[PDB]
Each structure stands twice: as structure tokens, then as C-alpha cells.
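This document opens with one chain alone, in C-alpha cells, the form deposited in one PDB entry.
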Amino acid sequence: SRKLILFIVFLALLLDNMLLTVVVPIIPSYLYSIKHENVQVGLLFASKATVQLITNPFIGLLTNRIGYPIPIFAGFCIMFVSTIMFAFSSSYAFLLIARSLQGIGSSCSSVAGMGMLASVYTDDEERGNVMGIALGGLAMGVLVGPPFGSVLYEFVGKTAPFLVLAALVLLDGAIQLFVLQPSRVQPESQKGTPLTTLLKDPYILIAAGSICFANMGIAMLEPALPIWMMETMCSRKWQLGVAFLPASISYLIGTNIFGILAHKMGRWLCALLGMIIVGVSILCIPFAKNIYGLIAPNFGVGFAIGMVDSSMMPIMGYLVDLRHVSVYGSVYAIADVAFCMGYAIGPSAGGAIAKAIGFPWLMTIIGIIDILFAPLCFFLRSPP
């Protein structure tokens, strides 16, 4: 009965991404009103992703000393605290602190949950399936966040989305306490291989780079696309919001189905095809003239990112099992660092490049990089 661990990881990722995507619509207007009585949003997101990026190696090393359950419960506690502060804080410094705490909790939950899933599902196929489900939960939380927040804001109040999220967080924490039971400290049997040896592995580097570039695609998509839309198509705000819906839906479907299909098609082949597809979709994005012209490339981008994630995340554990000690804190900390590497420079830089050179040139460069990195996944195939 280890499906409870999968449910806990699923819930943690879902609620974390739900908070990360639900805070967005409300705070900036209140910040502007407070200042009186676009860029700072990207600064908030960069802060959260950067704090998650810094914490990842530390949590990876910590999971080898105190085990997984205590980091998971700590992630839950920090995530609850950040949700409460989001509910009650109205200034900018407190909201920045809330974002940083949410980043720490994101690092804890993601790294420890992936490590626990890898350590529990030792089969190479079941591992792929369960982390495909976990990434599908991440995508589900991303997709549900904004509609849930808008509905609760219109129905009850501004604090309602965060209070309901905090109630769900308390339910998840009660489940964790009942199942995980982080009463004592349980060190792992074998000392983990240091990251200095892990970053020296070309295959782990290749998988991490594939994840990093695949996520960098959408990471620089998010803040630069609305400006280009308003400049060329003069599109409306609802059209801007709808634009990323195909990406989220395709990401959810891709994660859920390719967590299973990667082991059938071949993880290396799935990653190569995903990189090619995301490169082609990003190349085709600038040529669109209407939102209907971006419905298909966004779907391709989401599907390809789901392919790459749900293929490379299992391959990380497979590689660390094959050529390293069977401990998954450090390698999945590396994978989280790969995620945050794109998600942290996205908001901060994407605008800068989209202003220095044209948005079509930026997206052409990103797509060319992804296409050229696609053949590097050829080296991740198994000899037998």
C-alpha cells in the first residue's frame, strides 16, 4: 500500500502549483493601489524560482541525512505558512517573503517527493508511471489555479482562495502526519554520491540540459508573449489569458500519457522527439497572425514539454541507479535545479531580450537551441 506516498506527492505538487498560479491575478492591483494611496510580477516569480533553485542542493543533501518524510512535512509546513501570509499580507516586502518561503517549500516538496517516489517504486517502469502521475498533478494544479482563484474572488472574497488553499494544505498535512509519520530522524543506509561526481556525468548533464531547455522555452514564452500579442494583434486581455490554455492542457495530457508511453517508445526517443517538437513549435509561434494561429503551436509546446519532463525525470533515477549509488536526493535536486534554471531567468531576462532583439528573433534562437540540443538525447539510449 505505497500508493499513499504517490497521493501525498501528487497533492503536494498540485497545491504548490495551485498557490503559485493563484496568487497572480490579485496581488499586483493591490500593490499599485497601496503605492498610489508587469515587471514586479516577474520579479516575484524570479524570486520564488531563484530561492527554490538555491535550496535544491541543500535539500538533496539533507534527505540523505534525515530521510525524506521530515523534508516533506517541512515543505508542507512552510507551504501552509506562505499560504497564510499570502492570505493576510498586503504589502510588498511581506509578499516577497511569502514568495521566498513558497520557493523553499517548493524545493522541499519537489525534491523530497521525487526522491521518495524513486526510492519506493524501484521498478524502472513503475517509477516512470508514478512520476508521470506526479508531474500530471503538477500540471493539474497549474491549470486549476487561475480559474479557482477567479471563481473564489468573485464569489466570496479576496482572501477566500488562500484560505481554501490553506484548508486543503491542512488536510494534506494531516494525511502526511498519519502516513509519513515524521516522528524521528531516519538516516539513509548508504552515503550519497557527492554532486561533484554527479555533475561530472555527461548523461546526467544531458538529461538536465534537456529539461532545462524544454522548460526555458515556456519560461521565456510567459512574459514576452503578451507584449508581442498587444503590439501586433492588438488582442484583448481575455484572449491573452486563453492563449496559454492550450499549453497547460497539452502539458497535462502529455505528462499523464507519456509517463506510461516513454518506456514503450523509448525514453531517449521520447526526449528527442519532444525536443524536436518544442523547437518546431517555438519556431512556428512568431509566424502566427491570430490567436487561432497560436492554438496549434502552444499545444505542441505543451505536449513536447510534457514528453521531455515525463521521459527525463525517470531517466535521472535510472542513471543514478546504473552508474551511481542508489540515492535519489541529489539527482532529483539536480533535476529541480534544471527546472528552476529556466523558470528563474525567464521573467527576468525574457523581456530584456525581447526588447533588445525582436520577439521573433528570440523565439527563433530558443527553437534553434532546442533543435540542436535534440540530437544530444541520442546518447541516453541503453546498450542492450
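Here the rigid core means the biggest group of C-alpha atoms that line up within 1.5 Å when the two forms are laid on top of each other. Only residues modelled in both forms are compared. We number the residues from 1 along the sequence you see.
- In the comparison with other entries of the same protein, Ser33 is left without coordinates in at least one third of those covering both sides of it.
- The entry models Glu37 and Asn38 with a gap of 10 or more deposited residues left without coordinates.
Omitted from view is the form deposited in another entry, to which the following refers.
- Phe244 is the only residue from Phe80, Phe244, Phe73, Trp268 whose Cα shifts by 2 Å or more between the shown form and the other one, the rigid core being superposed.
- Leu294 shows a C-alpha shift of 2 Å or greater between the shown form and the other one [criterion: core-superposed Cα displacement of 2 Å].
- Once both forms are fitted on their core, a CA shift of 2 Å or more is seen for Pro223 between the shown form and the other one.
- Residues present in both forms were considered; between the shown form and the other one, the rigid-core fit shows Cα displacements of 2 Å or more across three or more consecutive positions at 30-33, 154-156, 223-228, 238-245, 287-296, 349-351, 382-384.
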